[PDB]
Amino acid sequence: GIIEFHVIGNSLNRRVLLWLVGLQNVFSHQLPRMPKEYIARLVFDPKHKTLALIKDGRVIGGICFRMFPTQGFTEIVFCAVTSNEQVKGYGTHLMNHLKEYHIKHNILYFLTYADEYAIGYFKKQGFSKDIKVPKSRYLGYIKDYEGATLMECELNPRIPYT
């Protein structure tokens, strides 16, 4: 069906706001350990944005992120594809658009914390455990999950990702 990618957020529109509830639902459901209250407060925060994957008008997931352009990196907050649509390449297409978007916006480092269950998806998206950004650049901006691995992805502004 018609697949479409939109970067959306709760600015400073009905279809957008309902897409955001759709996203908040998909993060909660694929990310059980994340409290629903705190997924919601982040998804609906202005300083956060989300790349929404829309299959035929209906949200089937996306990537919630927080650009820190004073720092040169972007945090990756939530990632989920709905369970009946996983292992269809949908998550890689999501990351790649996310890369393209950040290319155009001169930001070329991703940082994220990964669980042991999900680390292999980030490895397969180019992420690495070798964190070249100085600790002093991110501590107190990215939400430390202690007991999860910090990972990093460097974007090349000269490859087309999409």
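The first residue of the sequence shown is number 1, and the count goes up from there. Definition used throughout: the rigid core is the maximal C-alpha set that superposes within 1.5 Å between two forms.
After a core fit, the C-alpha atoms in 5 other deposited structures of this protein lie farther on average from the shown form in one of 16-24 and 139-147, namely 139-147.
A chain break between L12 and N13 is present, corresponding to 4 to 9 residues of the deposited sequence without coordinates. As the entry records it, the average C-alpha temperature factor is higher for 51-59, out of 24-32 and 51-59. Comparing the listed residues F110, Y121, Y113, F65, the entry records the largest Cα B-factor for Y121.
Sorting the modelled residues of the chain by their CA temperature factor places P46 in the highest third. Sort the modelled residues of the chain by CA B factor and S136 lands in the middle third. Per the PDB record, residue ranking by Cα B-factor puts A148 in the highest third of the chain. When all modelled residues of the chain are sorted by CA temperature factor, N96 is found within the middle third. Per-chain ranking of the deposited C-alpha B factor places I3 in the highest third.
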